[PDB]
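Here we start with a single chain on its own, the form deposited in one PDB entry, put down as structure tokens.
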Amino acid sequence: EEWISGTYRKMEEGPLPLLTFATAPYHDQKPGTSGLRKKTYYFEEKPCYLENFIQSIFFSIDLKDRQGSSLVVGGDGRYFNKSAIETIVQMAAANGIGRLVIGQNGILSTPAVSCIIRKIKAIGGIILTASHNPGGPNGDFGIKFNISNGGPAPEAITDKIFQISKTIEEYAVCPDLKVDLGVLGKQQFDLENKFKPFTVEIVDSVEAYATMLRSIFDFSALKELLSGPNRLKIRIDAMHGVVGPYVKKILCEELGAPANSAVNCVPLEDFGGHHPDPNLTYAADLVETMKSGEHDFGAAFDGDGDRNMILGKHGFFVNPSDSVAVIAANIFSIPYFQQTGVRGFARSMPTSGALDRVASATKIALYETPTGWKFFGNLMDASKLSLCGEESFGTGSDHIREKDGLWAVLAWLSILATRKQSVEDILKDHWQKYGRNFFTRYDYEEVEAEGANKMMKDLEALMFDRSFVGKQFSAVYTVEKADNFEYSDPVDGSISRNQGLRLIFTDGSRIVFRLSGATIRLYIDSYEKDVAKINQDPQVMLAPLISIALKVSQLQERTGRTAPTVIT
């Protein structure tokens, strides 16, 4: 009681052997921009799948950077996360790793992982999350690998991991290692044929991240905002995800918002049986409570805590493409940007051009990148990007090399405290100053692939016809440009094409198609400036361009979908 018995037993067992076991390679462990996600039974039931991938990650690191180095390990709290973390501890011990900094019970949000990596000078980190995907025995499981800068491994590293995993023959593991992920503090293990002991530091999940955020924002003004008598009634929905504890400690305990403010803030291994995705579909409960009109501010997070959804009173949903534009138009309400200044704005291409309005009003440069973190991090490490956001509920700054949902919530709270206006009023002022960029996005999830790819090809060849550019459509829009978006990275000279079908109208409106069973994504972004037509239902003002997109793409006849699975 407590560490005593474990220490005496550790001494009685003596040094723990390190053994090499044979394995057969899999041919589908190809990690993308968001790590490697399969079904949970892939990692739980398939023999040596997890061991093969983890050993491939270790083999992807040079031996000179592996020996005494520190590696952050943490997840969002999914089913099977704990046992896989234990396997990571054993294999990491056998692969000669200096120390593993793990959050208590394996709980560390992706922004927290980036923060700790950049703080303790770690070689990297392994994040056990599938982000917004569902979790559980019949759900999805994912493994991300971040490097020493705090961000996800670039394509060369994730590659090398994949090519190694296709040919892996054996792995090293310390099977008799038993670590208690539940108790904070340091735990060392004597390894056989090794003189130096292996170290596992179980750290508080929230402490470091909360300290960083305490340096980013003015926690005093947030105290006066969330904890006072005249307090801003907030309703934060963590969707049973990783951010719950952070909401409890940061927003509720430290900043003083009472416990009523948080909901679904206890991480569950199945996320309560729902998709931890913050949008108008999977987070409809939050919008339905926001319909009551008692709360002035609402927000939702995803599985690993890099997404955020922002709602105002009576469910005044603000789209991410707009939200980043409001954060940029009021960027000096945050002390961090006061200290650093604004080096640049950036958005994913399918994001609405609302950010370009504040980027052109001020003269801070704006970079339009494809979907994915590689380009945002590329511009961040060159001191060219200060605030970024993507339509996929992505908002973040250069404080870390991952996007951060709770950071965006604290930024919005800072803007509300500074301006002393409601969310809706602030966005009305924004829409009148810059002109509203009506934005919508339709998600047709898991349609069969061949028909979707054939639609994108036939449609693509329809754009490529010179008789298309110029031709008009009635409600009246005129086609100006039509291409498949490509991007030349200004940092490393990288190229990336087939990033989405872009249709630019002389009106400034854009219709974008993208393909992710396969999921079809429809992005629609029109601009409007005259004051008599900026306060309407966006579905109605956008219905023309939606009809043009569905009719030109012939999507329903080729997919049988009647309505999109998700609306934004």
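If you superpose the two forms and keep the largest set of C-alpha atoms that fall within 1.5 Å, you have the rigid core. Just count from 1 along the sequence shown to find any residue number.
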Can you count, per the entry, how many deposited residues between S516 and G517 come without coordinates? Answer none, 1 to 3, 4 to 9, or 10 or more. 4 to 9
Would you class the number of unmodelled deposited residues between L184 and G185 as none, 1 to 3, 4 to 9, or 10 or more? none
Which is higher in the entry, the mean Cα B factor of 221 to 229 or that of 406 to 414? 221 to 229
Select between 137 to 145 and 485 to 493 the stretch whose C-alpha atoms have the higher average B-factor in the entry. 485 to 493
Using the entry's values, work out which of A92, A361, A122, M309 has the largest Cα B factor. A361
Identity of residue with top Cα B-factor, from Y477, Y171, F301, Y79: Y477
For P544, the third of its chain into which the C-alpha B factor falls: middle
If you rank the chain by CA B-factor, which third does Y209 end up in: lowest, middle or highest? lowest
Which third, lowest, middle or highest, does the C-alpha temperature factor of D62 belong to within its own chain? highest
Binned into thirds over the chain's modelled residues, the C-alpha B-factor of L555 lands in the highest
Entry-reported C-alpha B-factor of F297 relative to its chain, by third, is lowest
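Another form exists, deposited in another entry; not displayed. Remarks below refer to it.
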After superposing on the rigid core, which residue out of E294, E450, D180, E424 has its C-alpha displaced by 2 Å or more between the shown form and the other one? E450
Spell out whether the Cα of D465 moves at least 2 Å between the shown form and the other one when the two forms are superposed on their rigid core. yes
Per-residue C-alpha change between the shown form and the other one, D483, threshold 2 Å, rigid core fit: yes
C-alpha of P538 moved at least 2 Å between the shown form and the other one on rigid core: no
